[PDB]
Amino acid sequence: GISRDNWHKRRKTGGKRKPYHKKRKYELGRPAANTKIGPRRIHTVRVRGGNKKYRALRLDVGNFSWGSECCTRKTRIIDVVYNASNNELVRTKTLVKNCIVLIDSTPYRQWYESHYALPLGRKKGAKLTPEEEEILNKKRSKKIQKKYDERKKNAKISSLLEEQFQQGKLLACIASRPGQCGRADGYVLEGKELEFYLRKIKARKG
Amino acid sequence: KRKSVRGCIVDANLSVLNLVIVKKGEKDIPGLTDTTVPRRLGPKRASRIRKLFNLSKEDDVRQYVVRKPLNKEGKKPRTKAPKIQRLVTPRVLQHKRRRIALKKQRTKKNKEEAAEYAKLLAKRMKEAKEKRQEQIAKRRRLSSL
Amino acid sequence: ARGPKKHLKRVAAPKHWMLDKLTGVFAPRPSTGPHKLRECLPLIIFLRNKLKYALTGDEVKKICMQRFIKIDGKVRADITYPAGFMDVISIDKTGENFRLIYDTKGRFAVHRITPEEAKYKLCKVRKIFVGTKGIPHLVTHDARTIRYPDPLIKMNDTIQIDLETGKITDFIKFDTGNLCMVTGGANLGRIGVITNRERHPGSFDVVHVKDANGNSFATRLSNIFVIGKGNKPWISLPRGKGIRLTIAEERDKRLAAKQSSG
RNA sequence: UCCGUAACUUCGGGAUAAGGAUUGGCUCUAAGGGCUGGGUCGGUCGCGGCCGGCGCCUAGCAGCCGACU
RNA sequence: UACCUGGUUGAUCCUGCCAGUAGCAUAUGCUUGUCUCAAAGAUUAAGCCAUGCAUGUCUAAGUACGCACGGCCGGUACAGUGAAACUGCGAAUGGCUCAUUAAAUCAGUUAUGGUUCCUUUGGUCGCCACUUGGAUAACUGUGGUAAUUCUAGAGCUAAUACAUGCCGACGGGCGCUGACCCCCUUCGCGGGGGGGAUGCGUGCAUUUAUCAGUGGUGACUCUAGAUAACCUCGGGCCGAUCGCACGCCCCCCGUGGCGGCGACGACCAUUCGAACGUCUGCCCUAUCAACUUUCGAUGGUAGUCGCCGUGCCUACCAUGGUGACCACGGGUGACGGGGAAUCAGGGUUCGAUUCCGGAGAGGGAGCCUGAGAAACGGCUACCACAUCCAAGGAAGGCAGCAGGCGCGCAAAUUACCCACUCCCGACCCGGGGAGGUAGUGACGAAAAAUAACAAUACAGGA
RNA sequence: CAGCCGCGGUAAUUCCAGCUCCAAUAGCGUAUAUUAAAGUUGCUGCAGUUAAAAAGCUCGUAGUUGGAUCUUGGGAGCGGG
RNA sequence: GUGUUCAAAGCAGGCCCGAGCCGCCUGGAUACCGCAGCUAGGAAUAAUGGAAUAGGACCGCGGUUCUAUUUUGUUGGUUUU
RNA sequence: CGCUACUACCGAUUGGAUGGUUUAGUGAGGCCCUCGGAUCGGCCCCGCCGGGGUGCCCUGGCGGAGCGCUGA
Ligand SMILES: [Mg+2]
Ligand SMILES: [Mg+2]
Ligand SMILES: [Mg+2]
Ligand SMILES: [Mg+2]
Ligand SMILES: [Mg+2]
Ligand SMILES: [Mg+2]
Ligand SMILES: [Mg+2]
Ligand SMILES: [Mg+2]
Ligand SMILES: [Mg+2]
Ligand SMILES: [Mg+2]
Ligand SMILES: [Mg+2]
Ligand SMILES: [Mg+2]
Ligand SMILES: [Mg+2]
Ligand SMILES: [Mg+2]
Ligand SMILES: [Mg+2]
Ligand SMILES: [Mg+2]
Ligand SMILES: [Mg+2]
Ligand SMILES: [Mg+2]
Ligand SMILES: [Mg+2]
């Protein structure tokens, strides 16, 4: 079978070594899962102990975390943009750990509105008054007013994050093992890590 | 295991076929339309009994069970009763009240034993606090002599 | 090789079961249990060979499935059950109530106790930990798990169990000046006072025990076991009191007592 | 193009030794270079013309160009 | 018991070998009365096999319309033995052989703070509910093929098989929304606070991100806690389950339970282990002096696969690693060790062989089930061999116990029993060529027969 | 015949046979490996002028082996002839 | 250690007694287990190290920094010992 | 040097026979993913029937249907 043994290689001295026994069963591999993007499809695997792994093969939704203010939400994964390990997986759109992606931004927008009550994403005159004016109400003034005013010197969002919201979609990273788990979990890029990967992408365009 | 078979399609090269007629027009072949075997045995669980006689879970089931007569056995035409499964009885109900009243216990226990929590440990916490007085003393000897 | 074992040979066996070479090929293979395989005593051996009630093994089966014998309260009808140490073996039909304590030479002698005093036992602690909800837990050496200790109980310490519902009572610590008994190695079945604990970070720790008669020896800490508050054991003890009187002394004793002790 | 190549020898060769595989169209990726700016702050008048010490991409940035493999 | 003798010469003293001398283990030759123990197809062919056995299993407690007996008792379903069939467990142990294999296996020694675990033991076990659906065996009956432990069609019938899916519980409690209301203060603003409709969520184990730092160690990114969400989707888990006897308690005129078991379950610990690692240790050969590497050789960074750590694998980088202290290559009449013979003291040689570990089941490769197997008295292919045959097709693996052929200097009875020892199972009840017991047996070891006595004589002797 | 030296060429202590004797004794011979003897593979423990044997001479890396030297007494608690 | 009829082996066995004892005494030792590895004592022998373009020690003394809670009762911030 | 017996050496023959380690081609079968969908069922899409209640649907008896989403 597809083995993982370390008796088929050479010694430290580059000397061969012979097979004093044959293939066992506890030393295996299996074919990779190579998750892509699309409607959900999972296959399940039986393994040592009588336990389970779950080969995910197609995923679209994931749980992602804006960590500065600690809010996790569920979003739809749009596209893949960069991968340090190899450069073909982006062409074929494979999700593995520490791939960089693009996702929707509406949930984090909505929470921010409901929390700090401010227009995240500058739109000239297209967005000012369908409902954010309906968001802006102070029905019990002088009791929540001091509260929301205290939730004022605590937003100060970065310039670069704003540009993403103003586009519509933002960067994230993946931190789970889907062919082992069946899930796509991860976090949002911020700070110098964000700077780093922007430089790589833009240079790739050249 | 590996085995040989023939396909589904029909041709000449066979020996025997199996055919099931579905309805009769008019003629009544003597070999297949005059005689008839009765269904050898009857149902055995209550739900199919009530499905047959339309009894509707108001009246009992025991009185309406089929009996097998002992023709040709030798001497006596005895008559026998199958046994019924999926039935409500004093035993199954006794089993149920045991488990459930014992399974309101296991959380009334662990609650009788949360009384033991509050009692055993949450007094021993209340007992070591009147102790620690050697300690707050012995670091008073550090503080303010 | 390709699975776990089920048999045991006879010249593969522990030395203190005292099996006859020229009697058979196999030995009883203690079944799986809370006590190890090397340091145990299955029920057949305690009963066919020592007590000599029965003279075969089939006889032992005919007596166990009558539900007379019972280990430490809870009856046991698995003939191959692995007895332990400081345990209790209560028939109570004819009021036997054994205790299963070592000799001085390491052989698990018989020790008869009273009807009273056969309703508790002592246990060494192996580890402690807190499970969920901050609920503490405590594991002995005989695979017996107990919630809610007193918070003044730490590892390698001894407790007295009332044997009906767990319910620890009467605990004691590990310190100098209290008795000790040995459970492994070479000084097996000896008693003494601890007097020191030399410890090394990253290896085994050590005690320097001293007996009252003058002997001073040392062991690894894991083989230790504590039974006293200082010169005061809480249990009935066997003949010999953990001494290891040398071979020349026995020679005087027996010869001089031979044809004079009778 | 990529491997592999004996006898014999004046040790230079024999050697394209012998013997095997690959060889298209289309869509992509990576690598392989140049010139310009960094002497900026005050003193000084008509973007420029002189002065003292600064930062010098001092671990190489930005901008614009170009043919091939 | 730390030992020697013959032979070069016409004679001597020396080097130096050849031969004798005592054991031990394999074969053969001659001989043989007793009795207690007792090895035995290893050496050459891990070459080939007819015939026959070596793995199955039921309790008071999973399914009982066999009609095979005959309970008993009638007909309010079923007292009771009980073949067959379904279900669960075991078949991965044991036994046999030594072909491979040279820091490999293996011995001692230490680690899993880098992982899995049936069973045992102990813990925890917060409008199908006075009980839902259809599915097939055993059975009845029509058949095929020469052929097998080949099977089809038709009619019924069960579960701890396979599915499905309730009640219980306090708006009780927790957190963030907060309509509203109030108190004090403010000219208001400010502040300093109270109660509070309606909301959404609210665990065990899963996945991820952040916050503060009950219990332990030489050693925490540990155990526990707090917050936001997720379900690893219905081929995610548990919340939550069926059976047997003994008889019953009821503010009581039918309820709530406890008593006593069995079976199964989700997590933790233990127990049997297993598997990857650390330090040191091995026979002969230089007419074997350089070897390994973009066909992973040596490191780094990121990931895939894996029960987990690791170039074990994939992409991108660096150019390293071993060697006269013997690498590399080749040979072994090479499985290793505990040990056996000889032995003043030191050593030389053997070790397949009853104990531990490893490997294999004609040579090679790949897999299903299962907690555990790359199984072989399990499956599937190619090669070599080989049995039936109606010529269409089907069945196979003695290095398991006896037996046979060949091979060769060379190696026993197609015997009896589960009574001992132990194992397995649903189990005080059933099975075991494991195992015991007789038979052949001058491989070998211990004890011990084949005459004793008194007169008659003298060869003679003290 | 005889492991070796050697016996037999008309008086054979050795051949073929008979008496007689010797050793081990229910066991004894024969062949082949393998130990001691072997201080004839030598660490304990050989040899190297002439008996077999020291490179034609010198240097030289790894290896092996390396000078002298740094607190001694006198005491103290003691027990014997 | 023990008269298995001795011995080879093997782990058993012995007592009082109408036989009453419905039982009593008992045993199933000890040593060795090269080499590496672990633990504590002694310090002759053998190897190595230390201050030479100076260094050890001194409430040492100035001072340029961070500064954890000790005091500022609880407090707002700084130096503060 | 000559006859006789035995062991080994070189030696044309692009000598020959056993094994073993491998290159290059063809490549049985098992496993994984992507497709495929003989076949066997329901909410049903309706039309023929009832009971129950309130003209309504939930359950028990009759024929067709998109081959929908499942269920295999
Ligand atoms: Mg040529
Ligand atoms: Mg002469
Ligand atoms: Mg000789
Ligand atoms: Mg071999
Ligand atoms: Mg061996
Ligand atoms: Mg195998
Ligand atoms: Mg064979
Ligand atoms: Mg196999
Ligand atoms: Mg087998
Ligand atoms: Mg076989
Ligand atoms: Mg045989
Ligand atoms: Mg023989
Ligand atoms: Mg003999
Ligand atoms: Mg010799
Ligand atoms: Mg000698
Ligand atoms: Mg010599
Ligand atoms: Mg000498
Ligand atoms: Mg000479
Ligand atoms: Mg010197």
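Residues numbered from 1 in each chain as written, not as in the entry; some residues may be left out. Chains lettered and ligands numbered in written order. Part of a larger assembly, values for the part shown. Heavy atoms only, no water.

Looking up chain C in the PDB entry gives the name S4, with the organism given as Oryctolagus cuniculus. Listed in the archive, the entry goes by the title "Mammalian pre-termination 80S ribosome with Empty-A site bound by Blasticidin S".

Per the PDB entry, chain B is named 40S ribosomal protein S6, and its organism is Oryctolagus cuniculus. In its Sequence similarities (unreviewed entry) section, the UniProt record describing chain B reads: "Belongs to the eukaryotic ribosomal protein eS6 family." (UniProt positions renumbered as here; feature names shortened; annotations may be inferred.)

**Focus: the overall build of chain C**
Scanning chain C for helices and strands turns up 3 helices and 13 strands. Counting only C-alpha atoms, chain C reaches 55 × 50 × 45 Å along its principal axes. Looking at the 262 residues of chain C, the share that counts as buried comes to 41%. For chain C, long-range pairs separated by at least 24 residues make up 44% of all intrachain contacts whose partners lie at least 6 apart in sequence. Separation between the mean location of the 49 positive side-chain charges and that of the 25 negative ones in chain C comes to 6 Å. (Helix = DSSP H or I, 4+ residues; strand = E, 2+ residues; numbered from the N terminus. Buried < 20%, exposed > 50% of the residue type's maximum accessible area, 1.4 Å probe, protein only. Contact = heavy atoms within 4.5 Å. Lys, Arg positive; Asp, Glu negative; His and termini not counted. Charge placed at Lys NZ, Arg CZ, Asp CG, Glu CD.)

**Observations concerning the interface of chain C and chain B**
Counting residues at the interface gives 8 residues for chain C, matched by 7 residues for chain B. Taken together, both faces of the contact between chain C and chain B bury some 640 Å²; the carbon and sulfur share is 61%. Linking chain C with chain B are 0 salt bridges. Along the contact surface separating chain C from chain B lie 0 residue pairs in polar contact. Considering only residue class, the side of chain C that touches chain B consists of 5 nonpolar, no polar and 3 charged. (Buried area = accessible area lost by both parts, 1.4 Å probe. Salt bridge = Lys/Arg side-chain N within 4 Å of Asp/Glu carboxyl O. Polar contact = N/O pair within 3.5 Å; in protein donor to acceptor, adjacent residues only side chain to side chain. Nonpolar A, V, L, I, M, F, W, Y, C, P; charged D, E, K, R; others polar.)

**Describing the pattern of salt bridges**
Going through the model one piece at a time under the given rule, you end up with 12 salt bridges over all chains. The salt bridge involving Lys24 of chain B is made with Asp28 of chain B; its shortest N-O contact spans 3.8 Å. Overall, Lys24 of chain B belongs to the exposed group, its relative accessible area being 59%. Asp142 of chain C is the partner of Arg144 of chain C in a salt bridge, and the nearest nitrogen-oxygen pair spans 3.8 Å. Because the salt bridges share partners, they merge into one network encompassing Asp72, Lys121, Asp142 and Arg144 of chain C.

**A look at the arrangement of the chains**
At their nearest point, the C-alpha atoms of chain A and chain B are still 22 Å apart, with no contact between the two. When C-alpha atoms are compared, chain A and chain C, though not in contact, are closest at a spacing of 11 Å.

**Details of the protein's contact with RNA strand H**
Taken together, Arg41, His43, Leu57 and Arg58 of chain A together with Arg2 of chain B make up all the residues around RNA strand H. Elements with a minimum of two residues in the surface near RNA strand H: β2 (41-47) and β3 (51-59) of chain A. (Near = heavy atom within 4 Å.)

**Re the sheet that holds strand β5 (residues 71-82) of chain A**
Residues and elements named next belong to chain A. Taken in spatial order, the 5 strands of this open sheet run β4-β5-β6-β7-β8, and their pairing is antiparallel. This sheet does not close on itself; its edge strands, each paired only once, are β4 (61-66) and β8 (186-188). For this sheet the average axis-to-axis angle between neighbouring strands, irrespective of direction, equals 50°. Helix α2 (residues 106-116) rests against β4, β5 and β6 (100-104) of the sheet, and its axis sits at about 145° to β5. (Pairing = 2+ DSSP bridges. Axes fitted to C-alpha atoms, helices over the stretch in contact; angles between N-to-C directions.)

**A short note on the sheet that holds β3 of chain A**
All names here are of chain A. Read from one edge of the open sheet, 3 strands run β1-β3-β2, paired in mixed fashion. At either end of the open sheet lies a strand with only one pairing partner, and these are β1 (36-37) and β2. Direction of pairing for β2 relative to β3: antiparallel, over a ladder of 7 bridges. Its bridge partner being in β3, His43 is matched across the sheet by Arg55.

**Observations regarding helix α3 (residues 90-104) of chain B**
For an α-helix, the turn length of 3.6 residues means that residues three or four places apart are oriented alike. Here α3 of chain B spans 20 Å end to end across 15 residues, near enough to the 21 Å set by a 1.5 Å rise per residue. Note on α3 of chain B: the residue one or two positions beyond its end, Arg106 of chain B, has a positive phi of about 70°. (Expected span 1.5 Å × (residues − 1).)

**Some thoughts on the side chain of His111 of chain C**
All names here are of chain C. Relative to the helices and strands, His111 is located in the loop between β2 (82-83) and β3 (121-130). Since its relative accessible area comes to 12%, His111 is described here as buried. Looking at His111, its side chain comes within polar contact range of the main-chain oxygen of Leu237, at 3.3 Å. Among residues more than four places away in sequence, those in contact with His111 are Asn97, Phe98, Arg99, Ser236, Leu237 and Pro238.

**Some thoughts on the pairing of strand β11 (residues 206-210) of chain C**
All names here are of chain C. Residues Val207 and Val209 line the buried face of β11, whereas the alternating positions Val206, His208 and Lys210 sit on a face that is not buried. One ladder, built from 2 bridges, connects strand β10 (residues 197-198) with β11; its direction is antiparallel. The residue of β11 that forms the bridge with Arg197 is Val207. Hairpin remark: β11 followed by strand β12 (residues 216-220), antiparallel, with 5 residues in the connecting loop; positive phi at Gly214, about 140°.

**Concerning unusual backbone geometry**
Residues and elements named next belong to chain C. With a phi angle near 80°, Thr94 is a residue other than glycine that sits in the positive phi range. Turning to its location among the elements, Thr94 is positioned in the loop between β2 and β3. Take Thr94: its relative accessible area is 63%, and that puts it in the exposed class. Residue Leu163 is not a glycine yet carries a positive backbone phi of 80°. If you trace the backbone, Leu163 turns up in the loop between β6 (158-161) and β7 (168-172). By relative accessible area, which is 16% here, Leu163 ends up buried.

**So, the pairing of β4 of chain A**
Residues and elements named next belong to chain A. Along β4, the buried face is formed by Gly62, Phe64 and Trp66; none of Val61, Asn63 and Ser65, which line the opposite face, is buried. One ladder, built from 6 bridges, connects β4 with β5; its direction is antiparallel. What sits directly across from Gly62, in β5, is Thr75. Hairpin connection from β4 to β5: 4 residues lie between these consecutive antiparallel strands, with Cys70 at a positive phi of about 60°.

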